[PDB]
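Each remark here refers to the structure printed beneath this line.
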Amino acid sequence: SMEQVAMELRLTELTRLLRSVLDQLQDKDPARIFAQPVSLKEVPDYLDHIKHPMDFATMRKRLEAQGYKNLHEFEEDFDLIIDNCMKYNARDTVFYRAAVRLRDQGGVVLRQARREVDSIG
């Protein structure tokens, strides 16, 4: 149907916007602490601590399959990246501190992304 096609075009356009948001968020992590999944070879107990792991590579895979239906879904995944790190790692670690900086800096980007997703429908 033409309606299905139109809905597909909206999903595609959202996907393009989310790809730029994701690039911008990832630049706020120049150390690449959140680039890849936590390794179960190197943190074998990780899943006893953290139930829903998340990282930028896993977000990127989801995005390229047009797997985010809306910005809320994408923000949930970004928040897991930050929130997992701040529970697993102590306050006085380079990891926790990197999460805090990513949160603070990413908040700016997400604030305007919310306006762009509303604005352009």
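Just the heavy atoms: all of them, side chains too, but no hydrogens, waters or symmetry mates, feed the values below. When a residue number appears, it is its place in the shown sequence, counting from 1.
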Just verifying a value: how many Å separate [X] [atom1] and [Y] [atom2], rounded to the nearest 0.5 Å?
| X | Y | atom1 | atom2 | value |
| --- | --- | --- | --- | --- |
| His52 | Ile81 | NE2 | CD1 | 14.5 Å |
| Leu18 | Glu13 | CG | CD | 11.0 Å |
| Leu71 | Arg115 | CG | CZ | 13.0 Å |
| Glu75 | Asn70 | CD | CG | 9.0 Å |
| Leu80 | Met59 | CG | CE | 9.0 Å |
| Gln36 | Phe56 | CD | CZ | 11.5 Å |

#### Entry: side chain to side chain donor-acceptor pair (under 3.5 Å) involving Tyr88 - partner list, sequence neighbours excluded
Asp45
### Task
Output all residues satisfying side chain to side chain donor-acceptor pair (under 3.5 Å) with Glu76, sequence neighbours left out; order by chain, then residue number.
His72
Please set out all donor-acceptor pairs under 3.5 angstrom arising from side-chain atoms of residues 25-34, sequence neighbours excluded.
residue : atom : partner : partner atom : Å
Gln26   : OE1  : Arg60   : NH2          : 3.0
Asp29   : OD1  : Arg32   : N            : 3.3
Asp29   : OD1  : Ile33   : N            : 3.0
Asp29   : OD2  : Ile33   : N            : 3.3
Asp29   : OD2  : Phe34   : N            : 2.9

### Partners passing side-chain contact (heavy atoms from CB on, under 4.5 Å) against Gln24 (at least two apart in sequence or in another chain)
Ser20, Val109
Which pair of non-hydrogen atoms, one from [X] and one from [Y], has the smallest distance, and what is that distance?
| X | Y | value |
| --- | --- | --- |
| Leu14 | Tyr68 | CD2-O, 3.4 Å |
| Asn89 | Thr93 | CB-OG1, 3.6 Å |
| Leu47 | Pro53 | CD2-CG, 3.6 Å |

## Note on the structure
So salt bridge (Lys or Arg N to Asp or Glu O under 4.0 Å) across residues 93-108, not counting sequence neighbours, yields none
### Task
Give every residue pair that meets the salt bridge (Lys or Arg N to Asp or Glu O under 4.0 Å) criterion with at least one member in residues 79-94, sequence neighbours excluded.
none
### Task
Would you mind reporting whether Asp118 and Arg114 have side-chain heavy atoms less than 4.5 Å apart?
yes
### Task
May I ask you to test the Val21-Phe78 pair for a side-chain heavy-atom distance under 4.5 Å?
no
### Side-chain (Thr12) to main-chain (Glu8) donor-acceptor, under 3.5 angstrom
yes
### Query
Taking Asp77 for the side chain and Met54 for the main chain, is one N or O donor matched with an acceptor at less than 3.5 Å?
no
### Task
Apply the test side chain to side chain contact (heavy atoms under 4.5 Å, CB included) to residues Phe74 and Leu22: give CA-CA distance (whole Å), side-chain angles for both, the deciding distance (0.1 Å), then the verdict.
CA-CA 9 Å; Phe74 174 99; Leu22 178 64; 3.9 Å; yes
#### Entry: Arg19/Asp23 salt bridge by N-O under 4.0 Å criterion
no
